[PDB]
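Worksheet: one structure, shown below.
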Amino acid sequence: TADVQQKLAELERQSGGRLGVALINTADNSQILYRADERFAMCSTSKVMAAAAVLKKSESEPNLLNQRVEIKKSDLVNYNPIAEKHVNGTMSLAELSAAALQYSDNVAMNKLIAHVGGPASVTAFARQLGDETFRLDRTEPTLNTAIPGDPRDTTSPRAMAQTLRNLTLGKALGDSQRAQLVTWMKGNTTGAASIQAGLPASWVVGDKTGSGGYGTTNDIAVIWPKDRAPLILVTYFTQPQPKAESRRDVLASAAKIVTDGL
Ligand SMILES: *C(=O)C/C=N/[C@@H](C(=O)O)[C@](C)(Cn1ccnn1)[S-](=O)=O
Ligand SMILES: [Cl-]
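The numbering of the sequence shown is the deposited numbering, which starts it at 27 and goes up by one.
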């Protein structure tokens, strides 16, 4: 409706930044879109695609998720809450996937990237899903710079919502692998202040947040509203000032606006 559009435009104006929203309502294959074809830096929301690429690879490599990966001091980057505990030992690729998705561990993301063949291999995976917009170009920590005008490590809200639908609700992944991705995302520990904060307490959410330079504040989610078919929601947000603070409340407000009535 124009109503939801006016409300998102007002939210964007109040926030002072640039807001991108894509909601897919699977009850009727409908969408609510706001700047949904513009590019935004994904930041840690890209961890979903890296984990999914590993899961895809595991469909033909049944030992992949159990493969042991050494964690070294030389791997630490910024923000390694889980990997720090395992320095000089190994973690399995399953453990690294869980750490990347549930604690936003950056070392874990770098190991996923390395074990599928680098950023361009994650991008090639996206192309196999029919996503010709996503691009992963750097490793952690630099993929989060989020400089205005820089297309590196960006996607659009529309593309990411469609891809998330395919990964979590469709059959881009096999039965076991899709269930694993959804279980990992439902177990996220870092998302309560973002999309979830704009939804009723009873709704079930699997999400992945991200943040970065220019006050970039993001969340992507699969949502099961009480007694309704699932939704996919992408909320991306970025600001004009390099040192702007995160605005998770803007994502919560966007979620409340677009799910009002559901
Ligand atoms: C996922 O979104 C991980 C984001 N990490 C960045 C952040 O939280 O802002 C870090 C910690 C800080 N940063 C801002 C710009 N470039 N980096 S990045 O160092 O991991
Ligand atoms: Cl409630």
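Note that CB positions come from ideal geometry on N, CA and C, so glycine has one too.
Item, Value
"Proximity test, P226 beta-carbon vs ligand 2 heavy atom, cut-off 7 Å", "yes"
"Residue span of the beta strand (DSSP E) that contains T243, given as start and end", "242 to 250"
"4 or more residues per run - each alpha helix (DSSP H) lying fully within the region 179 to 218", "183 to 194, 201 to 212"
"Closer than 7 Å: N192 CB and nearest ligand 1 heavy atom", "no"
"Within 8 Å, strictly: CB atoms of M68 and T165", "no"
"Stretch pair the region 35 to 52 + the region 262 to 280: three plus CB contacts closer than 8 Å", "yes"
"Where the beta strand (DSSP E) through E96 begins and ends", "94 to 96"
"Check whether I221 and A247 have beta carbons under 8 Å apart", "yes"
"Residues that DSSP places opposite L45 in a beta bridge", "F263"
"heavy atom of ligand 1 below 7 Å from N92 C-beta", "no"
"Three-state secondary structure assigned by DSSP to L127", "helix"
"Proximal residues to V230 (C-beta, below 6 Å), its chain only, five neighbours per side dropped", "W250"
"Close-in-space but distant-in-sequence residues of the same chain around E85 (CB under 7 Å, 5 per side omitted)", "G200, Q203"
"DSSP three-state assignment for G238, whether helix, strand or coil", "strand"
"Closest Cα partner of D157 within the set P183, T189, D54, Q206", "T189"
"Euclidean distance between Cα positions of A152 and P183", "14 Å"
"Distance cut-off 7 Å: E166 Cβ against heavy atoms of ligand 1", "yes"
"Own chain, CB closer than 6 Å to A278, minus 5 neighbours either side, in chain order", "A223, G224"
"CB contact flag (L90, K83, <8 Å)", "yes"
"Segment contact flag, the region 89 to 106 with the region 121 to 132, C-beta cutoff 8 Å, min 3 pairs", "yes"
"Opposing strand residues paired with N55 [DSSP bridges]", "DSSP lists no partner for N55."
"Cα-Cα separation, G144 to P268", "28 Å"
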